[PDB]
Amino acid sequence: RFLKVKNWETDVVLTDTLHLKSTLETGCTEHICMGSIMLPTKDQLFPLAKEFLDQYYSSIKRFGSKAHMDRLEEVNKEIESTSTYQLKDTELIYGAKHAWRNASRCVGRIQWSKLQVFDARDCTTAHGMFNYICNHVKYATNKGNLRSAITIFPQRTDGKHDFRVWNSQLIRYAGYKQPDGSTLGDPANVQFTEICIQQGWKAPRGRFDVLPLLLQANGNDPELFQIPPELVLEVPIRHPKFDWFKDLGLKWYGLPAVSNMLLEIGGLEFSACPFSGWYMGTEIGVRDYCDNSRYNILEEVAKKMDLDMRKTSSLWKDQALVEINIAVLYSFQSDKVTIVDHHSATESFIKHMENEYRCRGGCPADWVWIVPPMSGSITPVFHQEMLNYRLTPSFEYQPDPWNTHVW
Amino acid sequence: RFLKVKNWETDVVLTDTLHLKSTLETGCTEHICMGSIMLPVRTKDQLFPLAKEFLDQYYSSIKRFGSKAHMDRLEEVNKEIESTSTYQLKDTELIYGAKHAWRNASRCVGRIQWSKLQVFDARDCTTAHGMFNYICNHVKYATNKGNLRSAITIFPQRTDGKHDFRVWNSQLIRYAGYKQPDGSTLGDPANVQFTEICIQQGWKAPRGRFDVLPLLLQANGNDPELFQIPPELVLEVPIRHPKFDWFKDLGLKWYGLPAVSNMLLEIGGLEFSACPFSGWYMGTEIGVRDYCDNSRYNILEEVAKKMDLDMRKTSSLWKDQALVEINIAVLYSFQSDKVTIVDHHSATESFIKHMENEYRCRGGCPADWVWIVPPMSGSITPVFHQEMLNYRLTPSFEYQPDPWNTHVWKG
Ligand code: HEM
Ligand code: HEM
Ligand SMILES: Cc1cc(N)nc(CCc2cncc([C@@H](CN)Cc3cc(C)cc(N)n3)c2)c1
Ligand SMILES: Cc1cc(N)nc(CCc2cncc([C@@H](CN)Cc3cc(C)cc(N)n3)c2)c1
Ligand SMILES: C[C@H](O)[C@H](O)[C@H]1CNc2nc(N)[nH]c(=O)c2N1
Ligand SMILES: C[C@H](O)[C@H](O)[C@H]1CNc2nc(N)[nH]c(=O)c2N1
Ligand SMILES: [Zn+2]
């Protein structure tokens, strides 16, 4: 019930006590570990509010104070009466920053306290949503000098009036299945693109078409908006040594921005809360470019490199993977767009974990996600034991809205 | 109940019912997942149900469940337990149990091979000298001049825990590590403590970078004794690279036979505390972990220097570049010497076909994703994208504490 984690490279042992405050369930039991599974009213609301306000007032050294008691007081009266409550600005910013601090799959949490929070709780239409998201995108992009941000739309009320961004990230490329049988563009986005054409988008039918946003205000049917083209910073991918690389015609966008998660703070649920930081190079160069079900380019790059593709044991895939990843990092750095390589990011995460252990008594961390998808054991996180558990405030996965929406 | 796992690359979904047979615990709870934690004297009482569970599995596997033969065997074991407090396995039961401990080993990517395992029954062994002879014969049979064959040698079971057989080596073949007064290490830093024990026990250390360690063997709870494996039985591979002619001059070599000797084999509640087992290497074990871990031979620097990579910024990915070349070299070397080895692409692809077969015929395949995914290039292997359920089935292999921590020295 007080637990140790050991680093097997360095022999450092840390004691975790923060897990005792874990709220939600993990999916695991005493009999089965589900560590690799991607997706494992008034009465309930008052304890969630209390738990949250206690942690808030504690964080500002005023736990137990008259101002603490008066606030539980007020939120209590407000729930009783209105059956929900409204967070104060300060509470909303604290909640959002802690939802990131608590994101156990996120390697970049050393940054967690430097998060610009945009309060869009006064938004009422999808046009208003579109405006807020363009401003978020412009602020966060900052001409390539990226800054972390979140934009928080109104909280769920009765569940019939949800705000949702239908897109999974604010910026993604379209996918279209061909007469050919194959797929042009990103195969991850084929279903979403169909909904877009079906809601009226005029698809340019190219390999790298930025999808339009599909926004849902107050439970209405979602509407389509194109992000101003000049606000989507993209990077053409070249290689520092291979002049033929540019000829593949690859590009990626600078801003990773998740838009389908649910932010939960003191029992309140913010179903549209797009957030963004900056990329770790492997995300584009290993996953986006090299997954077999994504742009799947390994074979072309290997062929251009003239490697022996006859046998798996020449490690042609591995060789080409490294080159692709050198090209991503080089292209972002040349164009001065913030990016971090997986060595430097995971080293920061170990420093972060030590800080959180020391100052907070723990850091929930999901090893399956924190260890990079290439070169795992040459990053320090591979060697680091991690305990995974769920603290609130949190970001939660929620089902695709086209499955929920009644039109 | 049914549990589902999905492959995110293929959309294949599998349904697991086998987890309903697990009883041992995971370390996890509804509140904490310990899936990345490395490590998360029995009464007649507990023993008969364990024996019964095993014999029932064994008899079902031979299509004789509930037979007279089955009922007779239960009766026999039952009487033996209450008369002598333990029992002895038949040879057929021992073979079945050892094959199943491998099939159940959720951290093992090589399990497509589980039903091909040569079992050496060393239960008539009584002394450390006899253990040495048996382990030499295992080495020679398993090596097979480079055409490696899986095998396991099983020493007598635990009785009161005061008479245990133990191999003190963590693997049958490993290199010595010596800590120098300046704080540097010569040879394999993973084996420094064990090397010091050997030297203390009277081993005359060559003090080179690749000295094969002597066996340190404990029979019947006695003080352990040192033995050197005949060097002609230790097959080694000098490591060279197919295009880089300077790679040979790094002076690297490795041994061909990976042979775990510190684990405990549990079969129907009996504990085999000395049960060395061996297969063949996946290239990354040597080329990623043994050579490139910072706490092991740690050669990335020197390799990238010779490749003249840009080393001033990690973002040149120099470490990744040198990593791939080292791994090509390990595989090229073993292949060129006709020593069995498997690359991580072939091995994971075979593993996925084994896992799907297991789901169809057995209702599941417990698998530890943290260990199954290779330590380089994880997501270009198909296991990265495969959801896995980890749970504990018996017969099984378990970790045990190192014997120098628990041994009562007789002197
Ligand atoms: C600032 C730089 C950041 C870096 C380098 C970074 C790094 C990453 C990486 C590599 C992942 C895994 C993504 C994947 O495999 O698809 C991730 C996941 C995540 N990060 Fe971050 N992060 C950053 C900022 C943020 C911010 C600003 C937030 C929230 C405010 C956030 C919350 C999350 C969440 C919730 C996940 C899990 C996403 C999912 O389940 O799909 N991160 N982080
Ligand atoms: C035949 C070829 C085999 C291959 C290619 C193979 C592959 C591997 C690999 C790569 C690991 C991880 C090793 C590590 O990270 O240190 C491993 C773990 C393991 N394998 Fe195998 N395996 C093989 C045969 C065997 C055999 C014959 C047995 C037992 C009869 C066995 C039982 C295990 C066990 C118990 C582990 C976990 C080891 C531990 O916790 O340290 N495997 N397997
Ligand atoms: C804020 C942020 C920063 C940063 N550097 N990178 C990101 C990546 C976000 C992301 C981009 N594409 C895909 C994803 C995937 C999981 N790889 C989304 C996903 C899918 C599924 C099935 C489950 C789940 N929890 N998450 C996530 C976000
Ligand atoms: C039979 C077999 C086949 C094959 N291809 N490879 C092997 C390798 C075995 C091995 C070699 N060095 C080191 C190990 C380590 C864990 N990396 C032993 C270990 C350490 C710790 C702390 C825990 C644990 N369960 N196991 C295991 C064995
Ligand atoms: C099945 C497995 O959980 C799934 O492939 C995971 C593995 N680790 C991951 N790690 C990160 N960072 N992102 C991911 O999408 C995944 N996918
Ligand atoms: C802390 C973490 O569990 C540890 O480094 C693990 C990760 N995965 C591994 N996987 C294999 N095959 N062998 C190992 O030693 C490890 N070590
Ligand atoms: Zn778990």
# chains A, B, ... in the order shown; residues from 1 in each chain; ligands from 1
>>> closest_atom_pairs(of="chain B", to="chain A", cutoff="7 Å", atoms="only C-alpha atoms", output="JSON lines")
{"residue": "B:9", "atom": "CA", "partner": "A:293", "partner_atom": "CA", "distance": 5.8}
{"residue": "B:22", "atom": "CA", "partner": "A:31", "partner_atom": "CA", "distance": 6.8}
{"residue": "B:23", "atom": "CA", "partner": "A:31", "partner_atom": "CA", "distance": 6.7}
{"residue": "B:25", "atom": "CA", "partner": "A:30", "partner_atom": "CA", "distance": 5.2}
{"residue": "B:26", "atom": "CA", "partner": "A:30", "partner_atom": "CA", "distance": 5.4}
{"residue": "B:27", "atom": "CA", "partner": "A:30", "partner_atom": "CA", "distance": 6.3}
{"residue": "B:28", "atom": "CA", "partner": "A:30", "partner_atom": "CA", "distance": 5.2}
{"residue": "B:29", "atom": "CA", "partner": "A:29", "partner_atom": "CA", "distance": 4.4}
{"residue": "B:30", "atom": "CA", "partner": "A:25", "partner_atom": "CA", "distance": 5.1}
{"residue": "B:31", "atom": "CA", "partner": "A:25", "partner_atom": "CA", "distance": 5.2}
{"residue": "B:32", "atom": "CA", "partner": "A:389", "partner_atom": "CA", "distance": 5.0}
{"residue": "B:33", "atom": "CA", "partner": "A:388", "partner_atom": "CA", "distance": 5.1}
{"residue": "B:34", "atom": "CA", "partner": "A:387", "partner_atom": "CA", "distance": 5.6}
{"residue": "B:35", "atom": "CA", "partner": "A:35", "partner_atom": "CA", "distance": 5.9}
{"residue": "B:36", "atom": "CA", "partner": "A:385", "partner_atom": "CA", "distance": 5.4}
{"residue": "B:37", "atom": "CA", "partner": "A:385", "partner_atom": "CA", "distance": 5.3}
{"residue": "B:293", "atom": "CA", "partner": "A:378", "partner_atom": "CA", "distance": 6.6}
{"residue": "B:294", "atom": "CA", "partner": "A:9", "partner_atom": "CA", "distance": 7.0}
{"residue": "B:295", "atom": "CA", "partner": "A:9", "partner_atom": "CA", "distance": 5.8}
{"residue": "B:314", "atom": "CA", "partner": "A:343", "partner_atom": "CA", "distance": 6.5}
{"residue": "B:315", "atom": "CA", "partner": "A:341", "partner_atom": "CA", "distance": 5.7}
{"residue": "B:316", "atom": "CA", "partner": "A:326", "partner_atom": "CA", "distance": 6.2}
{"residue": "B:317", "atom": "CA", "partner": "A:326", "partner_atom": "CA", "distance": 6.3}
{"residue": "B:320", "atom": "CA", "partner": "A:375", "partner_atom": "CA", "distance": 6.4}
{"residue": "B:321", "atom": "CA", "partner": "A:322", "partner_atom": "CA", "distance": 6.5}
{"residue": "B:324", "atom": "CA", "partner": "A:319", "partner_atom": "CA", "distance": 6.5}
{"residue": "B:328", "atom": "CA", "partner": "A:314", "partner_atom": "CA", "distance": 6.1}
{"residue": "B:331", "atom": "CA", "partner": "A:313", "partner_atom": "CA", "distance": 6.8}
{"residue": "B:343", "atom": "CA", "partner": "A:313", "partner_atom": "CA", "distance": 5.6}
{"residue": "B:345", "atom": "CA", "partner": "A:312", "partner_atom": "CA", "distance": 6.4}
{"residue": "B:346", "atom": "CA", "partner": "A:312", "partner_atom": "CA", "distance": 6.9}
{"residue": "B:369", "atom": "CA", "partner": "A:36", "partner_atom": "CA", "distance": 6.5}
{"residue": "B:370", "atom": "CA", "partner": "A:368", "partner_atom": "CA", "distance": 6.6}
{"residue": "B:375", "atom": "CA", "partner": "A:377", "partner_atom": "CA", "distance": 5.0}
{"residue": "B:376", "atom": "CA", "partner": "A:375", "partner_atom": "CA", "distance": 3.9}
{"residue": "B:377", "atom": "CA", "partner": "A:374", "partner_atom": "CA", "distance": 4.1}
{"residue": "B:378", "atom": "CA", "partner": "A:373", "partner_atom": "CA", "distance": 5.1}
{"residue": "B:379", "atom": "CA", "partner": "A:373", "partner_atom": "CA", "distance": 5.1}
{"residue": "B:380", "atom": "CA", "partner": "A:291", "partner_atom": "CA", "distance": 6.7}
{"residue": "B:387", "atom": "CA", "partner": "A:37", "partner_atom": "CA", "distance": 5.3}
{"residue": "B:388", "atom": "CA", "partner": "A:36", "partner_atom": "CA", "distance": 6.0}
{"residue": "B:389", "atom": "CA", "partner": "A:34", "partner_atom": "CA", "distance": 5.7}
{"residue": "B:390", "atom": "CA", "partner": "A:33", "partner_atom": "CA", "distance": 5.1}
{"residue": "B:391", "atom": "CA", "partner": "A:32", "partner_atom": "CA", "distance": 4.8}
>>> write_last_selection(atoms="N, CA and C atoms", output="tab-separated table (two decimals), in the first residue's frame")
chain	number	residue	atom	x	y	z
B	9	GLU	N	-3.66	-2.69	-35.91
B	9	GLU	CA	-3.17	-2.64	-37.27
B	9	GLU	C	-4.12	-3.42	-38.20
B	22	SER	N	-6.88	-18.88	-14.57
B	22	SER	CA	-5.72	-18.40	-13.83
B	22	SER	C	-6.00	-18.34	-12.30
B	23	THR	N	-5.04	-18.59	-11.43
B	23	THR	CA	-5.32	-18.34	-9.99
B	23	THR	C	-4.27	-17.47	-9.31
B	25	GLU	N	-1.71	-14.46	-8.70
B	25	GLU	CA	-2.06	-13.04	-8.87
B	25	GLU	C	-1.09	-12.23	-9.69
B	26	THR	N	-1.51	-11.05	-10.15
B	26	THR	CA	-0.69	-10.28	-11.10
B	26	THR	C	0.21	-9.21	-10.48
B	27	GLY	N	-0.16	-8.75	-9.28
B	27	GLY	CA	0.42	-7.52	-8.72
B	27	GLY	C	-0.49	-6.34	-8.96
B	28	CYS	N	-1.39	-6.47	-9.93
B	28	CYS	CA	-2.34	-5.37	-10.22
B	28	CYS	C	-3.59	-5.45	-9.36
B	29	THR	N	-4.31	-4.35	-9.30
B	29	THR	CA	-5.62	-4.29	-8.62
B	29	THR	C	-6.51	-3.36	-9.46
B	30	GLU	N	-7.78	-3.20	-9.09
B	30	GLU	CA	-8.66	-2.21	-9.80
B	30	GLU	C	-8.16	-0.79	-9.73
B	31	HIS	N	-7.26	-0.53	-8.78
B	31	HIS	CA	-6.73	0.82	-8.51
B	31	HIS	C	-5.31	1.11	-8.97
B	32	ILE	N	-4.51	0.08	-9.19
B	32	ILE	CA	-3.15	0.28	-9.65
B	32	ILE	C	-2.76	-0.82	-10.65
B	33	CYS	N	-2.09	-0.43	-11.74
B	33	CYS	CA	-1.54	-1.40	-12.66
B	33	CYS	C	-0.03	-1.41	-12.46
B	34	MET	N	0.46	-2.63	-12.26
B	34	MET	CA	1.88	-2.85	-12.01
B	34	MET	C	2.52	-3.61	-13.18
B	35	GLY	N	1.88	-3.52	-14.36
B	35	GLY	CA	2.41	-4.16	-15.58
B	35	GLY	C	3.85	-3.85	-15.98
B	36	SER	N	4.44	-2.74	-15.52
B	36	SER	CA	5.90	-2.51	-15.79
B	36	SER	C	6.85	-2.77	-14.60
B	37	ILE	N	6.32	-3.37	-13.54
B	37	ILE	CA	7.16	-3.71	-12.36
B	37	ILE	C	7.86	-5.05	-12.72
B	293	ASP	N	22.81	-1.35	-23.61
B	293	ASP	CA	22.41	-0.76	-22.30
B	293	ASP	C	23.59	0.02	-21.74
B	294	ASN	N	23.33	1.19	-21.16
B	294	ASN	CA	24.34	1.91	-20.38
B	294	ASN	C	24.95	1.10	-19.23
B	295	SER	N	24.17	0.26	-18.57
B	295	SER	CA	24.72	-0.56	-17.46
B	295	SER	C	25.32	-1.88	-17.88
B	314	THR	N	21.63	14.87	-29.67
B	314	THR	CA	20.89	13.58	-29.72
B	314	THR	C	19.95	13.55	-30.95
B	315	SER	N	19.48	14.75	-31.36
B	315	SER	CA	18.55	14.85	-32.48
B	315	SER	C	19.13	14.48	-33.85
B	316	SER	N	20.45	14.31	-33.99
B	316	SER	CA	20.99	13.61	-35.20
B	316	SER	C	20.60	12.11	-35.17
B	317	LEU	N	20.07	11.65	-34.04
B	317	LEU	CA	19.71	10.21	-33.88
B	317	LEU	C	20.94	9.31	-34.08
B	320	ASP	N	20.54	5.91	-32.35
B	320	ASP	CA	19.69	5.01	-33.11
B	320	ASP	C	20.40	4.45	-34.34
B	321	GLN	N	21.23	5.30	-34.99
B	321	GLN	CA	21.91	4.86	-36.17
B	321	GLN	C	22.94	3.77	-35.83
B	324	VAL	N	21.22	0.35	-34.94
B	324	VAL	CA	20.84	-0.52	-36.04
B	324	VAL	C	22.11	-1.29	-36.60
B	328	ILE	N	22.61	-5.38	-37.02
B	328	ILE	CA	22.89	-6.03	-38.31
B	328	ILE	C	24.15	-6.89	-38.13
B	331	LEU	N	23.41	-10.22	-36.14
B	331	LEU	CA	22.70	-11.20	-36.96
B	331	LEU	C	23.61	-11.77	-38.09
B	343	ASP	N	15.85	-12.86	-36.02
B	343	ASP	CA	15.68	-11.40	-35.89
B	343	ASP	C	14.33	-11.09	-35.26
B	345	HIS	N	11.96	-9.05	-36.31
B	345	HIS	CA	10.82	-9.12	-37.25
B	345	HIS	C	10.24	-10.51	-37.42
B	346	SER	N	11.12	-11.50	-37.66
B	346	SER	CA	10.68	-12.87	-37.80
B	346	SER	C	10.05	-13.38	-36.50
B	369	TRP	N	3.00	-7.61	-22.66
B	369	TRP	CA	3.39	-6.72	-23.76
B	369	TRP	C	4.72	-6.01	-23.52
B	370	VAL	N	4.89	-5.52	-22.30
B	370	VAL	CA	6.14	-4.86	-21.89
B	370	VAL	C	7.39	-5.65	-22.25
B	375	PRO	N	13.21	-4.33	-27.89
B	375	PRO	CA	13.69	-3.06	-27.32
B	375	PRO	C	14.25	-2.06	-28.35
B	376	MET	N	14.13	-2.38	-29.63
B	376	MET	CA	14.33	-1.36	-30.68
B	376	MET	C	13.20	-1.55	-31.67
B	377	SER	N	12.87	-0.49	-32.39
B	377	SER	CA	11.89	-0.58	-33.48
B	377	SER	C	10.58	-1.13	-33.08
B	378	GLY	N	10.13	-0.85	-31.84
B	378	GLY	CA	8.96	-1.49	-31.37
B	378	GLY	C	7.77	-1.48	-32.34
B	379	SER	N	7.36	-0.28	-32.80
B	379	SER	CA	6.10	-0.23	-33.57
B	379	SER	C	6.19	-0.69	-35.06
B	380	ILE	N	7.38	-1.02	-35.55
B	380	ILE	CA	7.41	-1.65	-36.85
B	380	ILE	C	7.38	-3.19	-36.71
B	387	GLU	N	-3.07	-5.83	-28.70
B	387	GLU	CA	-3.49	-5.90	-27.30
B	387	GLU	C	-3.27	-7.34	-26.75
B	388	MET	N	-2.86	-7.42	-25.48
B	388	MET	CA	-2.50	-8.71	-24.82
B	388	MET	C	-3.08	-8.70	-23.41
B	389	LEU	N	-3.45	-9.87	-22.92
B	389	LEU	CA	-3.86	-10.05	-21.57
B	389	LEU	C	-2.79	-10.83	-20.86
B	390	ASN	N	-2.41	-10.34	-19.69
B	390	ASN	CA	-1.38	-10.98	-18.91
B	390	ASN	C	-2.04	-11.57	-17.69
B	391	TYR	N	-1.89	-12.90	-17.51
B	391	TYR	CA	-2.34	-13.52	-16.32
B	391	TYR	C	-1.45	-14.77	-16.12
>>> select_by_dssp(residues="region 143-309 of chain B", states="helix (DSSP H, G or I)", output="PyMOL selection string")
chain B and resi 143-146+189-200+231-233+247-250+283-292+300-307
>>> write_last_selection(atoms="N, CA and C atoms", output="CSV table (one decimal), in the first residue's frame")
chain,number,residue,atom,x,y,z
B,143,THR,N,23.6,-27.0,-27.8
B,143,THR,CA,24.4,-26.3,-28.8
B,143,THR,C,24.5,-27.0,-30.1
B,144,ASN,N,24.7,-28.3,-30.1
B,144,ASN,CA,24.6,-29.1,-31.3
B,144,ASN,C,25.4,-28.5,-32.4
B,145,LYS,N,26.6,-28.0,-32.1
B,145,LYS,CA,27.5,-27.4,-33.1
B,145,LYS,C,26.9,-26.2,-33.8
B,146,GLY,N,26.0,-25.5,-33.2
B,146,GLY,CA,25.4,-24.2,-33.8
B,146,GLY,C,24.0,-24.4,-34.3
B,189,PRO,N,29.2,-5.6,-16.7
B,189,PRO,CA,28.9,-5.0,-15.4
B,189,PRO,C,27.7,-5.8,-14.7
B,190,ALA,N,26.9,-6.5,-15.5
B,190,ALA,CA,25.7,-7.2,-14.9
B,190,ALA,C,26.2,-8.3,-14.0
B,191,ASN,N,27.4,-8.8,-14.2
B,191,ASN,CA,27.9,-10.0,-13.4
B,191,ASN,C,28.9,-9.7,-12.4
B,192,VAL,N,29.1,-8.4,-12.0
B,192,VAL,CA,30.2,-8.1,-11.0
B,192,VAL,C,30.0,-8.8,-9.7
B,193,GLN,N,28.8,-8.8,-9.1
B,193,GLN,CA,28.6,-9.4,-7.8
B,193,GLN,C,28.9,-10.9,-7.8
B,194,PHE,N,28.2,-11.6,-8.7
B,194,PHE,CA,28.4,-13.0,-9.0
B,194,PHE,C,29.9,-13.3,-9.3
B,195,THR,N,30.6,-12.6,-10.1
B,195,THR,CA,32.1,-12.7,-10.3
B,195,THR,C,32.9,-12.7,-9.0
B,196,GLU,N,32.6,-11.8,-8.1
B,196,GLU,CA,33.2,-11.6,-6.8
B,196,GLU,C,32.9,-12.9,-5.9
B,197,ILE,N,31.7,-13.3,-5.9
B,197,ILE,CA,31.4,-14.6,-5.2
B,197,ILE,C,32.3,-15.7,-5.8
B,198,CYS,N,32.3,-15.9,-7.1
B,198,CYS,CA,33.2,-16.9,-7.7
B,198,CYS,C,34.7,-16.8,-7.3
B,199,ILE,N,35.2,-15.6,-7.4
B,199,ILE,CA,36.6,-15.4,-6.9
B,199,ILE,C,36.7,-15.7,-5.4
B,200,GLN,N,35.7,-15.3,-4.6
B,200,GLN,CA,35.8,-15.6,-3.2
B,200,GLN,C,35.8,-17.2,-3.0
B,231,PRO,N,35.9,-25.5,-22.1
B,231,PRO,CA,35.8,-24.4,-23.1
B,231,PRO,C,35.4,-24.9,-24.4
B,232,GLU,N,35.8,-26.2,-24.8
B,232,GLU,CA,35.3,-26.7,-26.0
B,232,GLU,C,33.8,-26.9,-26.2
B,233,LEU,N,33.0,-26.8,-25.1
B,233,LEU,CA,31.6,-26.9,-25.1
B,233,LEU,C,30.9,-25.5,-25.3
B,247,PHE,N,34.6,-3.0,-37.8
B,247,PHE,CA,33.7,-3.5,-36.7
B,247,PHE,C,34.4,-4.7,-35.9
B,248,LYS,N,35.0,-5.5,-36.7
B,248,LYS,CA,35.7,-6.7,-36.1
B,248,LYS,C,36.7,-6.2,-35.1
B,249,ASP,N,37.4,-5.1,-35.3
B,249,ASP,CA,38.4,-4.6,-34.4
B,249,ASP,C,37.9,-4.0,-33.1
B,250,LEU,N,36.6,-3.9,-32.9
B,250,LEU,CA,36.0,-3.6,-31.6
B,250,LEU,C,36.3,-4.8,-30.6
B,283,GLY,N,18.2,-11.6,-32.0
B,283,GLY,CA,19.4,-10.7,-32.2
B,283,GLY,C,19.4,-9.6,-31.2
B,284,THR,N,18.3,-8.9,-31.0
B,284,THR,CA,18.2,-7.7,-30.1
B,284,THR,C,18.6,-8.0,-28.6
B,285,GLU,N,18.4,-9.2,-28.1
B,285,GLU,CA,18.9,-9.4,-26.8
B,285,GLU,C,20.4,-9.1,-26.7
B,286,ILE,N,21.2,-9.5,-27.7
B,286,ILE,CA,22.6,-9.2,-27.6
B,286,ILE,C,22.9,-7.8,-28.2
B,287,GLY,N,22.3,-7.5,-29.3
B,287,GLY,CA,22.7,-6.3,-30.0
B,287,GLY,C,22.1,-5.0,-29.4
B,288,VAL,N,20.9,-5.1,-28.8
B,288,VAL,CA,20.3,-3.9,-28.2
B,288,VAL,C,20.7,-3.9,-26.7
B,289,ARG,N,20.4,-4.9,-25.9
B,289,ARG,CA,20.4,-4.9,-24.5
B,289,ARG,C,21.9,-5.2,-23.9
B,290,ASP,N,22.5,-6.4,-24.3
B,290,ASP,CA,23.8,-6.8,-23.8
B,290,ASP,C,24.9,-5.8,-24.3
B,291,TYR,N,24.8,-5.3,-25.5
B,291,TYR,CA,25.8,-4.4,-26.0
B,291,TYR,C,25.6,-2.9,-25.7
B,292,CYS,N,24.3,-2.5,-25.8
B,292,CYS,CA,24.0,-1.1,-25.8
B,292,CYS,C,23.3,-0.5,-24.5
B,300,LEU,N,27.6,2.0,-27.7
B,300,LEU,CA,27.1,2.9,-28.6
B,300,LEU,C,28.1,4.0,-29.0
B,301,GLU,N,28.8,4.6,-28.0
B,301,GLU,CA,29.7,5.7,-28.3
B,301,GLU,C,30.8,5.4,-29.2
B,302,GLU,N,31.5,4.3,-28.9
B,302,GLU,CA,32.6,3.9,-29.6
B,302,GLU,C,32.2,3.5,-31.1
B,303,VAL,N,31.1,2.8,-31.2
B,303,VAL,CA,30.5,2.5,-32.6
B,303,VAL,C,30.2,3.8,-33.4
B,304,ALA,N,29.4,4.7,-32.8
B,304,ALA,CA,29.1,5.9,-33.5
B,304,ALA,C,30.3,6.8,-33.8
B,305,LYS,N,31.3,6.8,-32.9
B,305,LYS,CA,32.6,7.5,-33.2
B,305,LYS,C,33.2,6.9,-34.5
B,306,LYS,N,33.4,5.6,-34.6
B,306,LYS,CA,33.9,5.0,-35.8
B,306,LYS,C,33.0,5.2,-37.0
B,307,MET,N,31.7,5.3,-36.9
B,307,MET,CA,30.8,5.7,-38.0
B,307,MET,C,30.9,7.2,-38.3
>>> residues_around(residues="region 333-341 of chain B", least_positions_apart="3", cutoff="7 Å", atoms="only C-alpha atoms", output="list in words")
residues 146, 147, 148, 237, 238, 239, 240, 256, 280, 281, 282, 283, 329 and 330 of chain B
>>> closest_residue(among="B:201, B:61, B:261, B:394", to="ligand 4", atoms="only C-alpha atoms and all ligand atoms")
B:261
>>> residues_around(residues="residue 269 (chain A)", least_positions_apart="4", cutoff="9 Å", atoms="only C-alpha atoms", output="VMD selection string")
chain A and resid 154 to 157 262 to 265
>>> select_by_dssp(residues="region 51-172 of chain B", states="strand (DSSP E or B)", output="PyMOL selection string")
chain B and resi 118-121+151-154+166-167+171
>>> residues_around(residues="residue 347 (chain B)", least_positions_apart="4", cutoff="9 Å", atoms="only C-alpha atoms", output="JSON, numbers by chain")
{"B": [109, 110, 282, 342, 343, 351, 352]}
>>> residues_near_ligand(ligand="ligand 3", cutoff="7 Å", atoms="only C-alpha atoms and all ligand atoms", output="short mmCIF file (atom, residue, chain, number, x, y, z; two decimals) with N, CA and C atoms, in the first residue's frame")
data_model
loop_
_atom_site.label_atom_id
_atom_site.label_comp_id
_atom_site.auth_asym_id
_atom_site.auth_seq_id
_atom_site.Cartn_x
_atom_site.Cartn_y
_atom_site.Cartn_z
N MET A 38 -5.92 -0.57 -25.25
CA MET A 38 -6.05 0.88 -25.52
C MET A 38 -7.22 1.57 -24.80
N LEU A 39 -8.39 0.90 -24.74
CA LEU A 39 -9.60 1.44 -24.06
C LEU A 39 -10.12 0.45 -23.00
N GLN A 169 -8.33 15.23 -33.93
CA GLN A 169 -7.36 16.32 -33.65
C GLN A 169 -7.83 17.53 -34.49
N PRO A 256 0.32 19.49 -32.87
CA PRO A 256 -0.54 18.37 -32.51
C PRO A 256 -1.63 18.83 -31.53
N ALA A 257 -2.90 18.59 -31.84
CA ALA A 257 -3.94 19.20 -31.02
C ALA A 257 -5.10 18.24 -30.87
N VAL A 258 -5.23 17.65 -29.69
CA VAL A 258 -6.25 16.67 -29.49
C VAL A 258 -7.59 17.30 -29.23
N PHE A 275 -6.84 20.64 -26.87
CA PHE A 275 -5.53 21.01 -26.26
C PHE A 275 -4.36 20.64 -27.16
N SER A 276 -3.21 21.31 -27.04
CA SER A 276 -2.18 21.19 -27.99
C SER A 276 -0.86 21.44 -27.29
N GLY A 277 0.19 20.77 -27.82
CA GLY A 277 1.54 21.16 -27.36
C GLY A 277 2.45 21.21 -28.57
N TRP A 278 3.45 20.33 -28.59
CA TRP A 278 4.34 20.23 -29.77
C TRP A 278 4.78 18.79 -29.85
N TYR A 279 5.26 18.41 -31.03
CA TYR A 279 5.49 16.98 -31.36
C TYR A 279 6.79 16.47 -30.81
N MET A 280 6.82 15.17 -30.50
CA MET A 280 8.06 14.43 -30.30
C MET A 280 8.24 13.78 -31.66
N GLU A 283 6.48 10.48 -33.18
CA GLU A 283 5.06 10.47 -33.46
C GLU A 283 4.76 10.57 -34.96
N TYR A 397 -11.12 9.45 -22.57
CA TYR A 397 -11.53 9.16 -23.92
C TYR A 397 -13.08 9.19 -23.94
#
>>> closest_residue(among="A:349, A:295, A:402, A:85", to="ligand 1", atoms="only C-alpha atoms and all ligand atoms")
A:349
